[PDB]
Every structure is written in C-alpha cells, then in structure tokens.
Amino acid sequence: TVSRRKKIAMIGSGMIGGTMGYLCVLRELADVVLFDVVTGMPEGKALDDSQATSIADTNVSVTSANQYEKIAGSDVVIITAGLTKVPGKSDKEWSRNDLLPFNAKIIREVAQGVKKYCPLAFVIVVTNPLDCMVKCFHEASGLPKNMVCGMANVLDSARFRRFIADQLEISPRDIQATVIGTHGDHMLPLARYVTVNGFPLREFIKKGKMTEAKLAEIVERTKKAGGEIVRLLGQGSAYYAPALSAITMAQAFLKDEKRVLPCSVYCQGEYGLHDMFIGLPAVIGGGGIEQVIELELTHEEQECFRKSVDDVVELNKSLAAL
C-alpha cells in the first residue's frame, strides 16, 4: 500500500470517544481505534461504527483495543479517558476541578502508552480538568510542545457563537465569538472581539439588534453551558459538540488546514505566561500548533484573564502536590 489512510486513536471509548469514531466514519476521515480499559463495550461501539460505514458508503476501519501496542502508527490521538464527575456527587455540585485526583492518574497512564507506541502523534486532550490535564499529559509523555493541546475553547466558543447567532438571526458560520482562558467558571468570552463576518457586534447593538444586557446574559450562559447540560442529562456530560470540536481540531492537523481553533496550548511568554497550558487563539495545521495568537487585551480583559490563569496555576499546584 503506497497511500495509507490516516489513523486516529481514541483513548477512551465512552460517549465522546465513540461519537468521534462515528464522525470519522461519516467523513471517511481516518481509520479508528477505539481504545479503553473496558473490554466488551468498545468492541460493541466498534461494530456499530464499522457497520455505519456501509450506510455512509465510506470505507475506514473501526476496531477496538485495550492494549497500547494497538495505537502504534496513530497520526492523531484524542484523549477522553477519565471520569466526567466525582462518584456520588450531585449534579448541582458538578465541578471540573474536582476531577483532578481521579483523572491525573489516568492521563499519566495514557501518556506512557503514547510515549511508548506513537510518540510522533498530534495529541488532543479532552479529559477534564482540561488545562491541568494537557500539562499533565505533556510532562509525562515528553512530546513536543507544538504537538500537544487540549480541546475546550472551540466548544466554549461554539456555545458563545450559537447564542449570539440565535439572537441576531444569522448563521453561526458568520459569528466569530471566542472564549479563551481556562475551561471553567473563569473562562473568558471575549465580548469586545465578537464580530458578524468581521463587523463588530457593537455596531449591531447600537442598531438595536441586541442589547448590552442580552450580551452580558449570553456571556454568562456561555460559562454555565457545560453545567446546564450536566444538570439536564442527569447522566454524564456533553458529547456531540465536544466530539465535533475535537475532530475539527484533528482534521485541521491531518489535512494541514491552518484553522483558527482556540485550544489549550503551551506558553512561553505569550500573555506573559510560562511553563503551562491554557486556552488561547491558535492556528492548527500540519505542523500541529503553528501559531499562538497574542491579542492586545485591555486592562479590564487582562484582569479577567489573570483570574483564569490563577485557576490553572493553583490546579497545577495541586497536581504537583501528588
């Protein structure tokens, strides 16, 4: 075989993992390995997903695995391995930072498998608490700083954009709304940077298409979106938008698209941050994270951003304190 299909390993074959495998089938994006420590269930999803290729009229291979040797040759590795909530806790108290002790362990294990079997892979971490877990995976795997990132802000931005799109009665394709910072309560929906095809939202507000109050409401809703879905589902957390967000990042790498997809990236001076990962605007292409966009934030925005940075810093402290 002269021309081989791309290969994506889903480390974690739960709700997000299986849905990403499904997206690969629909788009014929890559062969899929549904990896998990659980036996049985991953093979069931592999059978279900592989059978979907017939109806999709596409041809990719979808298999399951519980041995890391199986992810060798993966071009991309997407990591969802982990818990979505603290066992026993009420949905009312769902908190992403509370997952630290349960998932750091898992991420370290995955990091060892990737370092050993597919160290040349582009890695997209999804597992919460996102920013802390990306740093945890990067430290343990030893992969290049431009080849490891965390999916979060594309999802946060997708919410921000959908809410704005509904208010303005315009497709979200034409709404550029971005959230940066940590994937949590202190995420920063950049209201000043919201545009309708590059036209500042401020011009729409002055024309009465949206009020300042509605905007503030949308910014708050964007922050609470994940928790609302957790409250409403009553079992697990979001997976359709998360899966598509991660796969869009994976595709940008595989096809060297050079898309602006805000995600948790390694900092070395950007926004004055060092030795850590946090959500920032970035361009993803065949060279992995090709550009980290440094915006001219206002004093007010910097204040908000420093709060987001502090949450990551303290979480990274607790991580180390283990």
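The first residue of the sequence shown is number 1, and the count goes up from there.
- The deposited model assigns a higher average Cα B-factor to 266 to 274 than to the other stretch when 58 to 66 and 266 to 274 are compared.
- Mean CA temperature factor is higher for 200 to 208 when stretches 200 to 208 and 170 to 178 are set side by side in the entry.
- You'll see in the entry that, of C24, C304, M10, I16, the Cα B factor peaks at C304.
- Which of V123, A252, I164, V86 has the largest Cα B-factor in the deposited entry comes down to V86.
- In the deposited entry, the Cα temperature factor of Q291 sits in the middle third of values across the chain's modelled residues.
- In this PDB entry, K92 carries a Cα temperature factor that places it within the highest third of its chain's modelled residues.
- Ranked within its chain, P189 lands in the middle third, by CA B factor from the PDB record.
- Looking at the C-alpha B-factors along this chain, the one for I218 belongs to the middle third.
- Among the modelled residues of the chain, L280 sits in the middle third by CA temperature factor in this PDB entry.
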